[PDB]
Amino acid sequence: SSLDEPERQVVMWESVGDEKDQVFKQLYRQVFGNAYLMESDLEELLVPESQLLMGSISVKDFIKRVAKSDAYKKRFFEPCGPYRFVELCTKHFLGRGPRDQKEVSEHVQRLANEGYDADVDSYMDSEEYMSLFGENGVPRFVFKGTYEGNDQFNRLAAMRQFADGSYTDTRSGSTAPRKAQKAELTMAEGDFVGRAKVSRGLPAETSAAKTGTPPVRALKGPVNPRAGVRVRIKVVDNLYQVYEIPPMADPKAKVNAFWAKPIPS
Amino acid sequence: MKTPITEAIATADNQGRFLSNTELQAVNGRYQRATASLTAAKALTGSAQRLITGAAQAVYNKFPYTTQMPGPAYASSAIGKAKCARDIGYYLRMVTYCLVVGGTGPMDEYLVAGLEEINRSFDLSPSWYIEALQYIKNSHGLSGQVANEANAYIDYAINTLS
Amino acid sequence: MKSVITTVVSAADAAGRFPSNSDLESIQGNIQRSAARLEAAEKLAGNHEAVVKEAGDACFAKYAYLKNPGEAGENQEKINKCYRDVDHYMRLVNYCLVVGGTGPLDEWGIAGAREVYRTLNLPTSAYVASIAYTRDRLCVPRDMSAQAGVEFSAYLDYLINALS
Amino acid sequence: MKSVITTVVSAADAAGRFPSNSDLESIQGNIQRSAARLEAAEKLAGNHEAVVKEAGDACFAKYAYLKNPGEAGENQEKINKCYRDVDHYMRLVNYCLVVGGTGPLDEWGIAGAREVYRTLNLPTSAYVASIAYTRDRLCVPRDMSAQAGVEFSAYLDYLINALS
Amino acid sequence: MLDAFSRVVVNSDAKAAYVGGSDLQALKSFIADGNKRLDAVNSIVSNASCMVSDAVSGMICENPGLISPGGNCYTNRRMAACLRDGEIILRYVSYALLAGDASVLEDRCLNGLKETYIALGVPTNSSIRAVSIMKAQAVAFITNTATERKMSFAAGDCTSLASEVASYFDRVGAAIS
Amino acid sequence: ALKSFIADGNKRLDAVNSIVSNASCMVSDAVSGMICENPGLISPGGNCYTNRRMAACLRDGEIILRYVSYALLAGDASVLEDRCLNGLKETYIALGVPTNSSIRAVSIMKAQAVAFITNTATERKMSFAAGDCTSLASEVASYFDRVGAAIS
Amino acid sequence: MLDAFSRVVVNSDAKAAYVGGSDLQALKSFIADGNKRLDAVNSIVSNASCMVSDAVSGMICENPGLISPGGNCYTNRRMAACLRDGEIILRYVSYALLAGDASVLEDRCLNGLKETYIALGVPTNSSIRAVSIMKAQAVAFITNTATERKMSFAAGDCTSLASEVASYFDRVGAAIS
Ligand SMILES: C=CC1=C(C)[C@@H](Cc2[nH]c(/C=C3N=C(/C=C4\NC(=O)[C@H](C)[C@H]4CC)C(C)=C\3CCC(=O)O)c(CCC(=O)O)c2C)NC1=O
Ligand SMILES: C=CC1=C(C)[C@@H](Cc2[nH]c(/C=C3N=C(/C=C4\NC(=O)[C@H](C)[C@H]4CC)C(C)=C\3CCC(=O)O)c(CCC(=O)O)c2C)NC1=O
Ligand SMILES: C=CC1=C(C)[C@@H](Cc2[nH]c(/C=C3N=C(/C=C4\NC(=O)[C@H](C)[C@H]4CC)C(C)=C\3CCC(=O)O)c(CCC(=O)O)c2C)NC1=O
Ligand SMILES: C=CC1=C(C)[C@@H](Cc2[nH]c(/C=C3N=C(/C=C4\NC(=O)[C@H](C)[C@H]4CC)C(C)=C\3CCC(=O)O)c(CCC(=O)O)c2C)NC1=O
Ligand SMILES: C=CC1=C(C)[C@@H](Cc2[nH]c(/C=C3N=C(/C=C4\NC(=O)[C@H](C)[C@H]4CC)C(C)=C\3CCC(=O)O)c(CCC(=O)O)c2C)NC1=O
Ligand SMILES: C=CC1=C(C)[C@@H](Cc2[nH]c(/C=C3N=C(/C=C4\NC(=O)[C@H](C)[C@H]4CC)C(C)=C\3CCC(=O)O)c(CCC(=O)O)c2C)NC1=O
Ligand SMILES: C=CC1=C(C)[C@@H](Cc2[nH]c(/C=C3N=C(/C=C4\NC(=O)[C@H](C)[C@H]4CC)C(C)=C\3CCC(=O)O)c(CCC(=O)O)c2C)NC1=O
Ligand SMILES: C=CC1=C(C)[C@@H](Cc2[nH]c(/C=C3N=C(/C=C4\NC(=O)[C@H](C)[C@H]4CC)C(C)=C\3CCC(=O)O)c(CCC(=O)O)c2C)NC1=O
Ligand SMILES: C=CC1=C(C)[C@@H](Cc2[nH]c(/C=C3N=C(/C=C4\NC(=O)[C@H](C)[C@H]4CC)C(C)=C\3CCC(=O)O)c(CCC(=O)O)c2C)NC1=O
Ligand SMILES: C=CC1=C(C)[C@@H](Cc2[nH]c(/C=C3N=C(/C=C4\NC(=O)[C@H](C)[C@H]4CC)C(C)=C\3CCC(=O)O)c(CCC(=O)O)c2C)NC1=O
Ligand SMILES: C=CC1=C(C)[C@@H](Cc2[nH]c(/C=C3N=C(/C=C4\NC(=O)[C@H](C)[C@H]4CC)C(C)=C\3CCC(=O)O)c(CCC(=O)O)c2C)NC1=O
Ligand SMILES: C=CC1=C(C)[C@@H](Cc2[nH]c(/C=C3N=C(/C=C4\NC(=O)[C@H](C)[C@H]4CC)C(C)=C\3CCC(=O)O)c(CCC(=O)O)c2C)NC1=O
Ligand SMILES: C=CC1=C(C)[C@@H](Cc2[nH]c(/C=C3N=C(/C=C4\NC(=O)[C@H](C)[C@H]4CC)C(C)=C\3CCC(=O)O)c(CCC(=O)O)c2C)NC1=O
Ligand SMILES: CCC1=C(C)/C(=C/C2=NC(=C\c3[nH]c(/C=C4\NC(=O)[C@H](C)[C@H]4CC)c(C)c3CCC(=O)O)/C(CCC(=O)O)=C2C)NC1=O
């Protein structure tokens, strides 16, 4: 429980009409995978989004009902395999990846008889989310200092590719004829996670050195900047060129005018 | 090409003759007309950003079906619009080459040779290019013999399109 | 990173909106306080090698037990390293006098501070004895101006407010 | 184009003889390998977009100085010429898996490599930093069969010894 | 998440160098244009909703292939997404302009954007076309050469910030293609 | 190599055409208008003697005007530095070049160049268009003091 | 095979003549400017390695079809042969500049190059862009006009050698076209 990662966690305290959407878009980025929404996805989850305004329904029960709506079910439940769905609930609610495969084989078993609601409520009712913050904490990709597995370093961080950016959990911003996802963290029993999602899945902290600008123009003083480009349409044509510097001339006293050479002596 | 300098050499070369006084006066008529030619070439070059995109819109206002009708020959797409503006830039650049050289030499070998087969094959009409060329002749904004020399090569391109 | 800029546009980023006149009014204080801040920066940067010379032994004067065997700085290969660690802190406060915040302080110095000062038996009270000796050596007519002194001094006891 | 067939019809035309059972027994092993060697080239062809992208992003991430100005990885078009330079090498190893031998590699990519990277200042140490990722980044129970990954990993090591 | 006050800090930290008086002379210019910096962005965000609507409509008036079915702006689900993609590009070039740094523009909203778009199937060339209209609009406002709608301003010029906005818009197009 | 200029053309390329068309005319004024206030240079012991130090000053005004007109053509002062300003002070004090003459002769070029693009030259008048090159006139005034602050 | 001195002695061999006044004056001028002739040759061979890389890459960036599959410079063996086909060209031109006579690249390089390239399949309309680029590099080195490298020289003029080396580089494009 030490060293670098994010500290700011939005908490939704005593919420008035402008600290609603300060945390609401952070909810809609997190549990909906920064997808696009906002007509009858936001006519859709109105009967829970009005409920958490007096504290009558907590933030724990809000995401519990939002995952039961078919904004989530029409985005992360149909165009997904059985491995993709257990992948996304760890991302959206728990902020991690699956720690092992028997946790996966638990959760797809829990899909197979108790249903979809009883599975997604079990994603809440562990002591993971309550140890994260509790009910009022917004779900966020938190970093532990001491991790119990270097697979689970980047079982966690091959989920979060670019939280500072654009990560597109569907195939567009909730596209229309939704193609299936591929469940790209398959990882059966005794293996690690690949390197290709580690260096892109780490936040802006270990970026130690940067690049340097070169000098821009020619350093030979007798210049020749063509620089010529100036594209009009395809008819690319040359600008005010500044030729060269020339050498000057030769003073050559052919006259000389010194004491007469032919002194006849 | 067909410079008056190379059409005076090739005249004297087809006769096996040294350059007589018939050919040196043809060269000196190029040199007299040159300073009204090299200023029209200089004026159309800098004013090309306005004269191309001004003339492209003059076609779409007279022939608005070239922006709405589907197909590859029309400019109803961004590929077809960018290739339509490319075509007007060919006609303007060939005029500035004919002004620099003097005479309709560069646009004969580069542009008008074999052009009727290209328009007939790719279904694109020559009346679109005439409305673009009449725009540049109406809006190049020169006068004197600087305009009378520049309009003499716009009118050559129109007479090959009809 | 904590500057004036880095907080308000991240709050606007959490708001997801354009920078309004709340965002613009905070930047107006920078040109009021650049005439306050960075005059003490080159006053430090022309004097920091002498500042570490007089503050590095002030903790030695308060704590002579460090030179006893079995303590933190007890041989001369650590006594120059004793002066090296406090020389980072004067270089760090030189950075946040430029940025107008505690950006470089609680990202490089205080971020990850108290774990290594505990597990390497380092006296945290002997850290701030060099810092408090730098806090009371100010001369608001002589060294910098009056408002440049309290821009400088409030960062220094913030280190004591971070180390304790 | 060194393959198993082109080895023996050029050994026999050297002597000037007919194909005997020292030439017919060789092509029997071409049957005993193509059931698994062609399995890897079937997988590599339909997956190469996910492999050439992961190969270059394990090169620039380690060789981060190549994006500095003055280097060989300047602009976006040079990096777009860097995935073009690698997706040839994942295509040439696809062409070697179907001729049986190392035919296309040692006369299309390898032959003349020492003068086209020394002249254009291309570092030959970065190429081996990406191909060895793909070799190390292999996993025979899931991604392949156990006999494709024996020979698919054997042609990347033909590149690595010929690039080093 | 850095800025121009910290841009001279982070390189001097890399050599453990104390910042001197001559190093902050660039920041002496950066406090010299302290009203001029805000003098640019309040023209931008005042005309921002007109800017993003003018940019994407001129992007698609030249390119009717997107309004062809199977394009990328054919459906209103795509179309409302499309200029909502464009305003974040407008939001972060302003965010880079407030910092005086190309920092906020690429640590957020730009790393992971090229491989997103090729997973959307977005034609990237029309996105180059949209940002080039977005580049040309912003330099008309902050030099008060917006010939449709001028605004009242102070006396002087912003030629350096006109180069600064164009050196923010280019790395948008340089990263998505 | 395109010079990367995105908007407001046909004045910046027109500004450099009013400078490099008389760049040898401007240097021949600043190598000769220096002497009427500092006549110790052709004095023996000055830095313009034995007909090669006068000739090396003709190369010096040429390479300081081409490397500021390339800075005008790019529109940014980056190749004013990346081939010219990297250590140009350390060659002048090691030679014994007097900094009083070089700080005054650059302001001869500053007064010459802002009369060219505003068409207020008292000798020759260009046949230029109608408009204003006065946003450019602030740009070249902010380009001749960057070498006025480098050579100090 | 023949220099400037031996060119004169085969012209006075046809006349059964000696060497006298009018035929030794143009030959002593070769000796007079002979220090500038060495001083120009060294300026080329000092940095000829970057002159053959920039010239080959200048032809490719103008003609993108030369690195297409089925382009002439597609594989590495064909590309590396291109990178030395142009260095053999540069080696023999610097021999004719040194000896002051074009009778060495005429014999051992130019004679039969046109019939050789059409046999192998080398495009000769694109081989002449690689030489014309190298012509512009070589005249921007014996006059200090190179944009990214300045070389110290004695004061004077060398435009006569700039027209001598441009006559060699043009006849390479006249022997293969
Ligand atoms: C439970 C499993 C577990 C491990 C196996 C280790 C390994 C480990 N190290 C780091 C992360 C790190 N580990 C190191 C350590 C070192 N760098 C060096 O050059 C030295 C060899 C070594 C010191 C002795 C450093 C410097 C970081 C970077 C911290 C950061 O980037 O924020 C991380 C990601 C978490 C983080 O950023 O803090 C992990 C899992 N730590 C763990 O929690
Ligand atoms: C924080 C960073 C951030 C961004 C940079 C943008 C980037 C972005 N755009 C889209 C998503 C999209 N972006 C576009 C935009 C375009 N496509 C085109 O062909 C046009 C050229 C261009 C309009 C100008 C379209 C049309 C979609 C939806 C595609 C679809 O139907 O799935 C998505 C996926 C979520 C969604 O589909 O809504 C993301 C992350 N959004 C962000 O959140
Ligand atoms: C044709 C060539 C070819 C290869 C060489 C591999 C290379 C490869 N591996 C992975 C992907 C992976 N590679 C591994 C690695 C392993 N898996 C295990 O269970 C083992 C313990 C270990 C064998 C070394 C893992 C764990 C993943 C999934 C992690 C992720 O989500 O990226 C991916 C990303 C796509 C995916 O999800 O599969 C790719 C391209 N794939 C190919 O198509
Ligand atoms: C690459 C070479 C190249 C150039 C040298 C310029 C030259 C140039 N400028 C303009 C056109 C113009 N040139 C000016 C410039 C000026 N008017 C003034 O009042 C100032 C004195 C002066 C600037 C210093 C103006 C104001 C216009 C018209 C506006 C415009 O076309 O942008 C035109 C078109 C009009 C014409 O001449 O027919 C040309 C060719 N453009 C180029 O492409
Ligand atoms: C960069 C920040 C910076 C500082 C904090 C001061 C600290 C400081 N003061 C002095 C040196 C001095 N500093 C003071 C100033 C004072 N003495 C007092 O009793 C008053 C409280 C105060 C204002 C009158 C005086 C009078 C001296 C000379 C004698 C002395 O040390 O007291 C010296 C030189 C060496 C030394 O004596 O330590 C230094 C580094 N100077 C600085 O440049
Ligand atoms: C290295 C030495 C070497 C050889 C000499 C050949 C010898 C050989 N020939 C055949 C096997 C065969 N050969 C023939 C060919 C023919 N049958 C006819 O009736 C036609 C007249 C004639 C056509 C040319 C057929 C039809 C088979 C059976 C295999 C099949 O039908 O696919 C088989 C396979 C036998 C089996 O698996 O049962 C072998 C090993 N192979 C070798 O490895
Ligand atoms: C069919 C066989 C075949 C190959 C094996 C490659 C080999 C190859 N690569 C390049 C050319 C190149 N190759 C690279 C790639 C890289 N440069 C680096 O510094 C990195 C180490 C690496 C990134 C992965 C780059 C950046 C260029 C262009 C360099 C330049 O000319 O600017 C060229 C020169 C022609 C060109 O510019 O495209 C050739 C022949 N190309 C082929 O056609
Ligand atoms: C086919 C359809 C079609 C369009 C929709 C427009 C779109 C459009 N607008 C502008 C160009 C511009 N657009 C604006 C934007 C605005 N002007 C204002 O004053 C308002 C506040 C704001 C919304 C209207 C500005 C300021 C310019 C610069 C020129 C100008 O001042 O009008 C440009 C030129 C940009 C460039 O060249 O890169 C284009 C293509 N043009 C078209 O051809
Ligand atoms: C948060 C709100 C806020 C602003 C919007 C700005 C508005 C602004 N800019 C300037 C002031 C200035 N503005 C410019 C710049 C410009 N003038 C123009 O005509 C160009 C359009 C533009 C280029 C960007 C210059 C050169 C100065 C004078 C220098 C200065 O005072 O900063 C001034 C002082 C002069 C005056 O009173 O008008 C103000 C108030 N400042 C603020 O505090
Ligand atoms: C045998 C080969 C050999 C070399 C290539 C140089 C290399 C060299 N240069 C310098 C040192 C230097 N070199 C210069 C450069 C110059 N000095 C001037 O008066 C001019 C303006 C400019 C030449 C254009 C300067 C100013 C220094 C002093 C320290 C420095 O600025 O680097 C030093 C440090 C000690 C010294 O001066 O010798 C060395 C080893 N010395 C050698 O012994
Ligand atoms: C020995 C005494 C001597 C001088 C004091 C200077 C005279 C001189 N003239 C100008 C001023 C100028 N100098 C030039 C330069 C020239 N005019 C041209 O047409 C040519 C290109 C070039 C030299 C022939 C120009 C164009 C102006 C502006 C004049 C004007 O306002 O029209 C300036 C700068 C402004 C000033 O401070 O007055 C000076 C110092 N030249 C001398 O010889
Ligand atoms: C698309 C790719 C592309 C390129 C690579 C460049 C290639 C290039 N360089 C030059 C032109 C030149 N190239 C050089 C070469 C060099 N200068 C040095 O100091 C070094 C020794 C060496 C490169 C390392 C020189 C000296 C010139 C002439 C002057 C100059 O441009 O600097 C020319 C001449 C124009 C012509 O006449 O056709 C071209 C095409 N341009 C392009 O469009
Ligand atoms: C063994 C190797 C060897 C060399 C490399 C040259 C080196 C060299 N060059 C010149 C001398 C010279 N070199 C040049 C040539 C030039 N000046 C320029 O400004 C142009 C860039 C370039 C034109 C090609 C000139 C003009 C002289 C002056 C002397 C003369 O003209 O004879 C001199 C005699 C005077 C001197 O500089 O001390 C020498 C020794 N000579 C050699 O013996
Ligand atoms: C240098 C001499 C030269 C000329 C004259 C020339 C004309 C030319 N115009 C063409 C196409 C075209 N030209 C247009 C232009 C137009 N259609 C419209 O609707 C507009 C009204 C008009 C523009 C003003 C269009 C849309 C095409 C694409 C047709 C196709 O590819 O099928 C093509 C077919 C190849 C191509 O460019 O894509 C040629 C060869 N090419 C030359 O090399």
Discussion item. Using a Debye calculation, one point per C-alpha and no hydration shell, please list log10 I(q)/I(0) for the protein assembly as shown at q = 0.04, 0.06 Å⁻¹ in order.
Written reply: -0.33, -0.74
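Taking the Cα centre of chain A as origin, work out the dipole magnitude from +1 charges on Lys and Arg Cβ and -1 charges on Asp and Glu Cβ, in debye rounded to 20.
Numbers: 38 positive and 38 negative charges, 538 e Å.
About 2580 debye.
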Worksheet, complete the sentence: Final fewest-first order of D:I31, B:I88 on the 10 Å Cβ neighbour count is D:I31, B:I88
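Kindly put B:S162, E:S126, F:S142 in sequence by how many other C-beta atoms sit within 10 Å of each C-beta, fewest to most.
In increasing order of surrounding Cβ atoms, one gets B:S162, F:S142, E:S126.
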Worksheet item: Counting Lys +1, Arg +1, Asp -1, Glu -1, what net charge surrounds B:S37 among other residues with beta carbon under 13 Å of its beta carbon?
Response: +2
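Arrange the following residues from fewest to most other Cβ atoms within 10 Å of their Cβ: B:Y129, C:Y83, E:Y74.
Exposure proxy ranking, most exposed first: E:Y74, C:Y83, B:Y129.
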Fill in: For chain F: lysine pairs under 24 Å (alpha-carbon distance), excluding those fewer than 8 apart on one chain
6
Item to complete: Could you quote the convex hull projected area for the stretch F:74-152, Cα atoms only and averaged over all directions, in nm²?
Response: 6.4
Worksheet item: To two decimal places, what compactness ratio does chain E give when its Cα radius of gyration is scaled by 2.2 N^0.38 Å?
Response: 1.17
Item to complete: Would you mind giving the mean number of other chain beta-carbons within 10 Å of the Cβ of each residue in A:158-166, as a whole number?
Response: 5
Discussion item. Give the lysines whose C-alpha is closer than 28 Å to that of D:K43, dropping any in the same chain fewer than 8 places away, or say none.
Written reply: A:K179, A:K182, A:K197, D:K2, D:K53, D:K62, D:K81, E:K114
Fill in: Burial ranking of peptide ranges A:238-251, E:41-54 (average Cβ count within 10 Å, highest at the top)
E:41-54, A:238-251
Worksheet item: If contacts are Cα pairs under 8 angstrom and at least 6 residues apart, what is the relative contact order of the stretch B:9-84 in percent?
Response: 12
Practice prompt. Compare B:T104, B:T22, B:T53 in a GNM of chain B, Cα atoms joined below 10 Å, and give the one with the largest fluctuation.
Written response: B:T22
Item to complete: Only loop residues by DSSP count here, and only those with at most 16 other Cβ atoms within 10 Å; note down the trypsin sites (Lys or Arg not before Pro) in the stretch D:118-161 that meet that.
Response: D:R118, D:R137, D:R142
Discussion item. Quick check: pseudo-label points 7 Å beyond the Cα along Cα→Cβ at A:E205 and F:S138, how many nm apart are they?
Written reply: 4.5
Discussion item. Only Cα pairs within less than 10 Å get springs; with that Gaussian network setup on chain G, which residue of G:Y92, G:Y117, G:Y18 has the largest fluctuation?
Written reply: G:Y18
Discussion item. Between F:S107, F:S127, F:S24, where does the largest GNM mean-square fluctuation fall for chain F, given springs only between Cα atoms within less than 10 Å?
Written reply: F:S127
Discussion item. List the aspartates and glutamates whose Cα sits under 14 Å from the Cα of D:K67, skipping any in the same chain fewer than 8 residues away.
Written reply: D:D57, D:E77
Worksheet, complete the sentence: Phi angles of the stretch G:4-16, converted by Karplus (6.51 cos²θ - 1.76 cosθ + 1.60, θ = phi - 60°) into ³J(HN,Hα) in whole Hz with x for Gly and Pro, give 6, 6, 6, 5, 6, 6, 8, 8, 7, 6, 5, 8, 6
Response to the item:
Mean per-residue count of partner chain Cβ within 10 Å for C:3-12 equals 5
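Let's test the formula: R0 of 60 Å, r as the Cβ-Cβ distance of G:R7 and E:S152. What FRET efficiency results, to the nearest 0.05?
In this case the efficiency is close to 0.15.
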Practice prompt. Determine the equivalent ellipsoid of chain C by diagonalising the alpha-carbon gyration tensor, then write out the semi-axes as square roots of 5 times the eigenvalues, largest first, rounded to whole Å.
Written response: 34, 20, 11
Fill in: Percent RCO, i.e. relative contact order, over the stretch E:10-162, from Cα pairs under 8 Å lying at least 6 residues apart
28
Practice prompt. Among the trypsin sites (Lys or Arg not before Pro) in the stretch E:1-63, which ones are in a DSSP loop with at most 13 other Cβ atoms within 10 Å of the Cβ? Mind listing them?
Written response: E:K15
Discussion item. Show me the trypsin sites (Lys or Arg not before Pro) within the stretch F:54-144 that DSSP assigns to loop and that have at most 12 other Cβ atoms within 10 Å of their Cβ.
Written reply: F:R124, F:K125
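We place every Cβ from the backbone using ideal geometry, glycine too, and count neighbours over all the protein chains shown. Computed from the coordinates by the stated procedures, all read-outs in this text should not be read as laboratory data.
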